[PDB]
Amino acid sequence: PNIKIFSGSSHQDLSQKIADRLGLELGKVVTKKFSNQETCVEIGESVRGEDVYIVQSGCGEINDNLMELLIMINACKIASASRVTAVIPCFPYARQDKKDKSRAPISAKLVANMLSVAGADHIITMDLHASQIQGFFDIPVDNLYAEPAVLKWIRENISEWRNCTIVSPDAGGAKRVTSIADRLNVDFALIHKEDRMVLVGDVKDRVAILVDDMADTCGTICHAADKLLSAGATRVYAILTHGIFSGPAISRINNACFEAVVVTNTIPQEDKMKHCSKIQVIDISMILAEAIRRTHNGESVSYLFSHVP
Amino acid sequence: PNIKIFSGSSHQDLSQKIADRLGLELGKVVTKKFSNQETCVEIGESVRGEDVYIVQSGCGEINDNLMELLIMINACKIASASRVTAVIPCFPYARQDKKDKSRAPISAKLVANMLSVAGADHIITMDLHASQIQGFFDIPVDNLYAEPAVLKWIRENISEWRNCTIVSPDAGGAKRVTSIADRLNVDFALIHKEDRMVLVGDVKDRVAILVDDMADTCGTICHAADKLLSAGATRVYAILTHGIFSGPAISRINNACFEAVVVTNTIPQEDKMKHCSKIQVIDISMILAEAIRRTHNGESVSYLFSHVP
Amino acid sequence: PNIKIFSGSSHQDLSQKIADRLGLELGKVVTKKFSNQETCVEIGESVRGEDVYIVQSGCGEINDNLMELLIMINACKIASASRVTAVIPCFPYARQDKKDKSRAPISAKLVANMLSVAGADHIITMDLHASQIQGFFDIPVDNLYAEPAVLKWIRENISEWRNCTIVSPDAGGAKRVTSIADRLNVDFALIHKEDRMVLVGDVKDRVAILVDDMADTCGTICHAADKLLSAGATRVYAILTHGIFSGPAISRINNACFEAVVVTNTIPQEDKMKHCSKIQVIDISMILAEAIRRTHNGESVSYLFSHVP
Amino acid sequence: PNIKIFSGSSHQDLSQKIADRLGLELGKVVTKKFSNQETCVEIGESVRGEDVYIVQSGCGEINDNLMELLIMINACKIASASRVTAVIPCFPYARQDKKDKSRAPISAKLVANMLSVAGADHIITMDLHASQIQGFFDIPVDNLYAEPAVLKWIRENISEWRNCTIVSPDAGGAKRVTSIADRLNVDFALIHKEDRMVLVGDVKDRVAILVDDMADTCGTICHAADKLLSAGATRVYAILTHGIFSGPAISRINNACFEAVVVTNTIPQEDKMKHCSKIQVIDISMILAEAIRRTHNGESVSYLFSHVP
Amino acid sequence: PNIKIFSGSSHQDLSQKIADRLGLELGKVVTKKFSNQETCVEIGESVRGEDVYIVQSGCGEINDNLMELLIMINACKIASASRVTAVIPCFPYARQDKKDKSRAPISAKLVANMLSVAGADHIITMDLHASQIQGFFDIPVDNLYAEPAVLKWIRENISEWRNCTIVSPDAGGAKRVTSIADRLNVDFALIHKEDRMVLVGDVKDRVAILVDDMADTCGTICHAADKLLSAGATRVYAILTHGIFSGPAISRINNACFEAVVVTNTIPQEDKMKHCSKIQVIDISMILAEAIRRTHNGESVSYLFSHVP
Ligand SMILES: Nc1ncnc2c1ncn2[C@@H]1O[C@H](COP(=O)(O)OP(=O)(O)OP(=O)(O)O)[C@@H](O)[C@H]1O
Ligand SMILES: Nc1ncnc2c1ncn2[C@@H]1O[C@H](COP(=O)(O)OP(=O)(O)OP(=O)(O)O)[C@@H](O)[C@H]1O
Ligand SMILES: Nc1ncnc2c1ncn2[C@@H]1O[C@H](COP(=O)(O)OP(=O)(O)OP(=O)(O)O)[C@@H](O)[C@H]1O
Ligand SMILES: Nc1ncnc2c1ncn2[C@@H]1O[C@H](COP(=O)(O)OP(=O)(O)OP(=O)(O)O)[C@@H](O)[C@H]1O
Ligand SMILES: Nc1ncnc2c1ncn2[C@@H]1O[C@H](COP(=O)(O)OP(=O)(O)OP(=O)(O)O)[C@@H](O)[C@H]1O
Ligand SMILES: O=P(O)(O)OC[C@H]1O[C@H](O)[C@H](O)[C@@H]1O
Ligand SMILES: O=P(O)(O)OC[C@H]1O[C@H](O)[C@H](O)[C@@H]1O
Ligand SMILES: O=P(O)(O)OC[C@H]1O[C@H](O)[C@H](O)[C@@H]1O
Ligand SMILES: O=P(O)(O)OC[C@H]1O[C@H](O)[C@H](O)[C@@H]1O
Ligand SMILES: O=P(O)(O)OC[C@H]1O[C@H](O)[C@H](O)[C@@H]1O
Ligand SMILES: [Mg+2]
Ligand SMILES: [Mg+2]
Ligand SMILES: [Mg+2]
Ligand SMILES: [Mg+2]
Ligand SMILES: [Mg+2]
Ligand SMILES: [Mg+2]
Ligand SMILES: [Mg+2]
Ligand SMILES: [Mg+2]
Ligand SMILES: [Mg+2]
Ligand SMILES: [Mg+2]
């Protein structure tokens with residue numbers, strides 16, 4: 001079986017970058033809409049006996065992109081692909097991972113069930129909002145981390161990184177920032193709201209680096225940055241793997257004191273970058289390409305958790 | 001267990017009509033979108049031990065509405081509803097019911113699988129594009145027919161119906177028109193394309209009635225009507241259960257010779273009716289309400305196949 | 001169908017308390033071991049058509065108790081019980097809810113799969129370590145909260161509760177303490193380790209109340225209490241729903257400065273209470289009995305999230 | 001894919017013997033207990049794309065060992081092993097293979113379901129108590145026989161084997177003894193209880209050889225041996241594949257007239273052999289190693305039913 | 001059949017509290033007066049096949065409220081309710097339960113007859129003046145007791161309750177006070193008039209607690225309290241289930257030495273509480289709600305005689 005990479009319509013540039021890193025052309029697929037807006041999918045080449053990877057991020061018109069992904073998986077499965085892998089850099093509905101007191105769906109579990117029944121044998125994703133989502137599946141799920149690329153960016157872009165501070169915006173994700181601070185051998189200052197915020201960790205005259213899994217409306221990072229600037233930090237950075245930037249996010253970032261808002265390209269960023277000068281993108285296509293290549297070859301994927309390829 | 005009717009966002013007016021016919025209020029549900037356009041669903045009342053019916057048609061923004069339906073089903077299922085029934089008047093992706101020579105998905109089967117894995121115990125739908133779709137499910141599927149309401153409309157609106165002709169637009173659905181002609185005791189003239197059309201059945205100086213399951217772009221019925229008017233039919237009617245009317249449909253209908261284009265309200269029609277004077281709507285809410293009531297009470301549903309309630 | 005309550009061997013006293021609150025006798029069941037230590041289960045009365053609840057906590061000899069629960073569920077299912085519900089006050093393997101970087105099982109998901117394949121139609125549990133565990137199931141899961149009973153205990157046992165502080169021991173569970181502080185209208189001081197601990201929130205001359213989901217080795221609460229006593233708190237309390245108290249826990253509690261270590265009786269506590277004078281137990285049998293009664297009667301279970309019955 | 005052999009904690013020596021016969025080292029795995037006695041499993045090497053065999057017998061602390069096996073299977077499955085095979089020399093709960101008049105579990109079926117849902121693609125076992133247990137699975141099950149090794153032992157250890165008699169202790173397993181007697185070309189004397197026993201087949205002045213699948217409490221073989229010695233047999237042997245020897249078994253064997261009690265090493269025997277001089281062990285590690293090697297290479301496994309490798 | 005709760009005009013707040021505890025909305029009913037002051041009742045929703053509970057206490061304008069209750073029962077009965085239950089917390093005309101030497105009506109029996117002929121299938125009431133009134137009916141009557149709530153109030157509000165004394169004001173109801181004293185394990189001092197009063201039971205330097213079924217004009221409790229204060233009781237409390245407080249009652253209570261006059265809310269008390277600072281109310285809505293719920297579900301009501309829900 002050979003690797004076949006197919007792109008959904010959500011993130012074409014990322015799929016092309018992945019395909020170039022693998023020395024492959026993107027598989028021929030027609031992904032459009034019928035007149036009544038139903039998804040139309042046509043696999044333009046035989047996938048019989050091949051190892052198929054479908055790249056689609058949970059961004060943009062999320063329900064359309066998710067339907068397209070499921071329809072593509074189904075088409076490849078009934079076309080006798082030997083294995084079908086969904087490469088989902090940003091997992092849709094990941095924030096609906098529990099009920100907790102409300103008569104609400106667990107939408108992430110529903111998405112996992114739909115991916116399974118569509119025929120996915122394997123999932124590759126990056127920085128799941130909650131790693132318990134891996135347990136929503138019965139098929140293997142490789143949850144990659146942007147952390148090696150983030151560490152590389154910090155070392156090559158922040159001159160005072162040895163004295164900086166790594167700040168979690170909410171108490172929930174402070175595990176990520178502790179791992180990053182341990183890797184950099186720095187202090188991890190913490191922030192949480194009580195309309196007021198409380199911060200532990202000396203930030204005065206230092207650089208503070210907010211790290212989080214995603215920025216949707218940027219309410220979380222803007223409040224944290226306001227707090228940090230209250231406590232005398234010389235500069236504040238925000239680093240996120242998923243740059244969703246919906247709603248009022250671009251205006252809030254423009255009016256905030258961030259030196260830089262760095263995101264990975266798990267979601268296309270060109271349109272947002274046009275309207276916001278302080279957004280910078282870390283390419284993670286090498287990590288995804290290496291994960292695809294290693295799953296195909298039976299090589300260790302977890303080696304990527306700590307190594308930039 | 002009591003009947004609880006919940007409406008999705010696709011067809012609120014139909015759900016309200018159904019609820020009024022059952023003497024019930026619509027269940028409290030919040031169905032909206034998060035900032036990043038992910039579906040947000042919140043069941044506003046306990047459904048524990050209840051017989052839940054969720055009304056959502058495959059129309060409008062089809063992928064959003066389908067996701068909303070699946071999320072609502074999941075929310076009701078994990079909220080310990082005794083039974084969950086999807087009331088889907090127009091089944092989405094019904095026209096993708098086979099591959100036939102192409103490397104294509106069977107999207108209708110995927111939709112059936114998704115509805116099943118979401119937790120639906122029962123499906124109620126109207127005039128499935130292909131009744132083989134019933135076999136795509138392992139749960140019971142009640143496929144209702146608009147034919148009794150169509151016959152009622154014909155008898156009360158076409159003065160010359162005893163001399164009229166019932167015409168199938170494509171060879172595929174001529175079964176429907178034969179059933180209708182047998183019920184009315186009239187001739188069924190047939191039409192199919194060879195850019196030219198061929199018609200069997202005397203239509204001269206008579207009324208011809210085109211009957212079909214749906215009109216999407218109205219290419220099918222406009223070509224058939226052109227043929228019929230070539231052969232001297234005094235008036236031509238089109239009657240359809242599903243009035244999708246996407247793309248150039250309204251302009252084609254406006255420029256065509258139809259005396260009337262009658263559709264059921266399985267899909268909301270007010271916006272289309274604003275731009276097209278010859279569209280008339282048959283209310284089928286009584287049929288759906290009776291089907292819901294009979295499934296709840298253990299009464300015969302097939303009795304509705306031949307009786308207007 | 002009538003309610004039948006069966007007790008596993010793990011927590012007989014809790015099952016008896018539940019049965020008394022429901023006005024029922026415990027169902028006749030023989031639960032012992034064969035000579036080779038395989039679990040032997042014999043249902044001593046017909047359960048045909050009945051609503052069966054099996055009470056077994058994930059405590060003591062956890063693997064034996066889990067096997068016993070699964071075997072009992074299987075016996076009741078193939079004996080034609082109308083419905084089988086596992087009442088698992090402390091869910092076993094709940095702390096193995098993710099992999100996160102290691103080549104490890106997701107044991108909680110395996111347990112959920114085993115409960116499902118054994119035939120459980122419904123799960124009732126209390127204060128799941130991670131509420132995402134609800135998504136590990138496809139059957140409904142009612143995750144009850146000890147919080148109403150905890151609030152009652154605080155109001156009836158701590159004279160200065162209006163001035164007290166609610167302290168989370170680890171950053172992970174601070175959601176619980178924020179909910180409790182909001183209910184009591186008090187400040188929530190927070191603690192996390194950097195062998196040193198950092199605390200936010202005035203605790204001087206006040207009572208601090210540590211709240212957490214469980215105390216296993218009591219390393220978490222003893223370190224937090226040491227920190228709190230460093231910052232001048234007059235008294236320190238610990239309140240937990242699950243009192244596992246394994247390993248060196250009793251000695252650490254005896255040598256710590258806790259005014260009281262309060263636990264619910266989701267796990268039997270008499271043996272631990274013999275060796276530790278500062279352990280007090282909150283009975284939660286009324287909450288479990290009400291949940292059983294409400295699921296049986298189709299009444300709202302979520303009403304218990306905020307109301308002491 | 002390469003063979004990877006992992007040992008559970010139940011029978012380490014057997015797993016090592018199997019690994020040596022295959023020219024392999026045992027895979028790195030940490031199998032221990034958390035403080036609260038929950039099983040902790042950590043796969044110490046990548047198994048991605050490998051053919052994994054996990055060796056665990058249903059002996060000792062049976063519920064702990066079964067849980068450990070299931071957790072290991074789950075860990076290997078979600079670590080993207082190409083295939084996972086449970087090598088279970090003595091199948092746990094095999095004697096609970098039916099209900100028969102009692103409101104009892106079919107525990108063997110539950111165990112099969114649990115192994116399947118954990119992710120096992122294949123089962124290798126030896127001398128199932130009832131071969132109908134193979135039908136409890138939907139995955140392939142290779143049920144190996146100790147009979148070739150038993151025949152070899154008889155020919156090399158009993159000088160009068162050409163004149164001996166092969167005796168079934170209970171009527172249920174006389175099929176095994178008929179096969180053995182046919183292979184040796186000897187008479188098969190039979191025994192069954194009516195507190196008295198009845199025997200057919202001349203045993204006077206001869207050697208009698210009791211053959212059975214397992215000896216748990218040794219009540220079965222001791223009663224049969226008492227009967228045989230009543231009828232003048234010069235010596236009595238017992239041969240069993242599974243030497244469970246629980247409860248009073250060692251004392252009964254010590255006080256019985258057996259010349260030898262021979263068991264295979266499907267269960268570790270060193271501790272029992274310390275307290276009982278007449279227990280001898282047949283190594284079956286070559287049979288298990290050959291079965292593993294042949295399943296891996298696509299070679300005939302049934303060839304082992306009649307051939308000692 | 002579902003529970004439907006309807007409120008009469010007498011005690012709306014109590015009915016609302018009951019409905020909230022049951023998770024229900026009050027049934028739609030118009031209860032007003034025509035111009036000529038005849039009661040007008042209009043049931044605003046179908047009660048066909050439902051289990052109807054009508055809440056109306058014998059207080060305020062007693063004859064109007066009784067007529068309203070009877071008219072509501074009649075309306076629900078001829079509207080084909082499956083069952084109609086009168087929830088009458090304070091039974092009107094209960095003190096006219098006998099003739100005894102006078103040419104007088106037995107008005108309580110007349111009220112029972114009227115309730116029966118109106119169509120009531122069941123009566124729920126609290127602390128009937130004479131429990132023989134239960135025999136005035138041929139339908140079942142559940143006579144609830146305020147005693148559990150009274151005991152709870154005593155334990156949570158009187159610091160010296162272990163040394164207190166429970167005093168009956170008249171010889172007639174001393175049964176209630178003996179039951180209460182037995183529950184509290186205290187002495188029951190007794191009082192009766194000879195314009196002078198005689199008291200048995202040491203009350204000196206102690207708290208005395210008068211307990212009675214009702215306080216109408218408060219002549220009974222004020223005389224008893226005067227006696228108790230003559231004999232040196234440090235404080236005197238009065239506790240009553242029915243706080244009628246008609247005529248000069250408020251002035252007598254204001255001029256009496258009561259530390260507190262505690263009543264249940266079987267009768268609305270806000271207006272009386274405005275004019276009398278020492279009146280406190282025990283909510284008994286949980287007891288009534290539990291009785292309604294248990295009668296509906298076929299659960300034991302007598303369990304409430306000794307248990308606070
Ligand atoms: N796409 C979405 N956009 C915004 N909010 C969402 C979205 N999906 C779910 N939510 C809601 O957001 C909330 C989850 O918030 P969040 O993940 O930030 O915190 P948490 O899960 O409570 O805690 P933490 O992640 O810190 O452990 C829920 O109320 C959920 O319903
Ligand atoms: N939503 C859609 N809008 C338009 N075309 C669609 C849609 N879904 C599927 N199709 C395509 O339409 C075609 C199916 O057409 P149609 O159902 O009219 O005819 P058929 O199935 O070939 O025959 P018949 O229904 O007469 O037996 C397929 O090529 C299918 O891919
Ligand atoms: N029974 C157990 N006893 C002790 N440790 C366990 C047990 N089961 C799992 N663990 C281990 O404990 C760790 C989980 O710890 P814990 O739940 O306290 O923190 P977390 O999940 O990392 O974060 P948090 O709960 O604060 O969000 C994992 O390494 C897991 O393997
Ligand atoms: N681990 C165990 N130890 C002892 N007895 C067990 C064990 N598991 C099950 N049993 C019980 O042992 C009995 C089964 O006995 P056994 O297998 O010897 O005979 P059988 O199945 O009735 O007949 P046969 O095997 O001769 O055809 C059942 O009553 C079963 O419940
Ligand atoms: N609503 C009322 N208000 C006042 N007095 C009433 C009322 N209804 C009846 N009565 C009268 O009150 C008397 C009953 O008094 P009460 O119940 O206190 O004592 P009893 O029945 O004689 O004895 P006991 O209740 O101590 O065994 C009768 O004379 C009766 O006519
Ligand atoms: O609230 P938003 O800023 O839109 O979303 C970003 C944050 O909200 C969620 O918890 C994410 O994990 C981030 O921490
Ligand atoms: O082609 P369109 O007019 O858009 O769609 C309407 C017809 O096309 C499909 O076969 C339907 O069943 C109808 O017969
Ligand atoms: O570490 P232990 O004290 O044994 O276990 C108790 C804590 O560890 C886990 O995170 C629990 O949720 C508690 O917060
Ligand atoms: O009764 P035990 O001696 O403990 O167990 C050994 C026998 O019991 C079972 O039938 C086995 O198959 C053996 O025949
Ligand atoms: O005389 P009132 O104080 O008005 O009425 C209260 C008492 O009178 C009746 O016997 C009641 O049962 C009470 O004991
Ligand atoms: Mg979250
Ligand atoms: Mg967050
Ligand atoms: Mg078709
Ligand atoms: Mg057609
Ligand atoms: Mg955890
Ligand atoms: Mg914790
Ligand atoms: Mg057997
Ligand atoms: Mg046997
Ligand atoms: Mg009286
Ligand atoms: Mg009295």
Side-chain angles (χ1 to χ4, degrees), chain C residues 30 32-42 71 75 94-95 127 129-130 168-177 191-192 210-216 219-221 224 240 242, chain D residues 58-59 62 90-102 104-108 128-132 168-176 192-193 212-214 216-217 219-220 242 244 246-247, chain E residues 58-59 62 90-102 104-108 128-132 168-176 192-193 212-214 216-217 219-220 242 244 246-247:
Chain C
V30 166
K32 64 189 175 193
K33 295 186 149 317
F34 293 112
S35 180
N36 82 324
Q37 292 323 272
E38 273 174 334
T39 307
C40 176
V41 163
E42 205 137 22
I71 288 171
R95 282 171 282 175
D127 289 293
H129 174 70
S168 195
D170 52 0
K175 179 143 146 212
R176 209 180 283 96
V177 316
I191 285 191
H192 68 78
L210 288 157
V211 179
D212 209 337
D213 64 323
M214 64 164 84
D216 195 85
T220 300
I221 54 159
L240 308 110
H242 308 299
Chain D
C59 67
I62 283 183
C90 182
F91 195 87
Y93 291 93
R95 282 171 282 175
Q96 195 66 27
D97 54 337
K98 60 202 148 31
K99 281 193 303 166
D100 269 346
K101 263 182 223 298
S102 70
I106 304 167
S107 298
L128 281 167
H129 174 70
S131 74
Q132 288 94 346
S168 195
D170 52 0
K175 179 143 146 213
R176 209 180 283 96
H192 68 78
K193 65 177 181 180
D212 209 337
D213 64 323
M214 64 164 84
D216 195 85
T217 67
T220 300
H242 308 299
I244 298 158
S246 77
Chain E
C59 67
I62 283 183
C90 182
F91 195 87
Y93 291 93
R95 282 171 282 175
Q96 195 66 27
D97 54 337
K98 60 202 148 31
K99 281 193 303 167
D100 269 346
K101 263 182 223 298
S102 70
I106 304 167
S107 298
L128 281 167
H129 175 70
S131 74
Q132 288 94 346
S168 195
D170 52 0
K175 179 143 146 213
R176 209 180 283 96
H192 68 78
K193 65 177 181 180
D212 209 337
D213 64 323
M214 64 164 84
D216 195 85
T217 67
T220 300
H242 308 299
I244 299 158
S246 77

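Computed over heavy atoms, backbone and side chain alike; hydrogens, waters and symmetry mates excluded. Ligands are counted one by one from 1 in listed order, and the atoms in each one are counted from 1 as well. All chains are named by letter (A, B, ...) in the order of the sequence lines, taking the proteins before the strands, and each is independently numbered beginning at 1.
- E:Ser131 is linked by a side-chain hydrogen bond (donor to acceptor under 3.5 Å, both in side chains) to nothing, counting only residues two or more places apart in sequence or in another chain.
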Do any nitrogen or oxygen atoms of ligand 4 lie under 3.5 Å from a protein nitrogen or oxygen, and which ones?
residue, atom, partner, partner atom, Å
ligand 4, 1 (N), C:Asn36, OD1, 2.8
ligand 4, 1 (N), C:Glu38, OE1, 2.5
ligand 4, 1 (N), D:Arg95, NH2, 3.3
ligand 4, 3 (N), D:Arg95, NH1, 3.3
ligand 4, 17 (O), D:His129, NE2, 2.7
ligand 4, 21 (O), D:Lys98, NZ, 2.6
ligand 4, 31 (O), D:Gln96, OE1, 2.7

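- For the pair D:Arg95 and C:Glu38, the minimum side-chain heavy-atom distance is below 4.5 Å.
- One distance of note links NZ of C:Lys175 with OG of C:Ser168; it measures 12.5 Å at 0.5 Å rounding.
- Here E:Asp170 pairs with nothing under the salt bridge (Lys or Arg N to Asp or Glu O under 4.0 Å) rule; sequence neighbours left out.
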Under the side chain to side chain contact (heavy atoms under 4.5 Å, CB included) rule, what do C:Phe34 and D:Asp216 come out as? Steps first, then yes or no, please.
CA-CA 10 Å; C:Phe34 293 112; D:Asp216 195 85; over 6 Å; no
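- Judged by distance alone, with hydrogens and angles left aside, the side-chain atoms of C:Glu42 form no donor-acceptor pair with the main-chain N or O of D:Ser102 at under 3.5 Å.
- With C:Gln37 contributing its side chain and C:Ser35 its backbone, the two residues share a donor-acceptor pair below 3.5 Å.
- Only protein N, O or S atoms were scored, and 1 of them lie under 2.8 Å from the Mg ion (ligand 16).
- Considering CG of D:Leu128 and NE2 of D:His242, their distance stands at 7.5 Å, rounded to 0.5 Å.
- For C:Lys33, the NZ atom sits in a packed shell: over 12 heavy atoms of surrounding residues, nucleotides or ligands are nearer than 6.0 Å.
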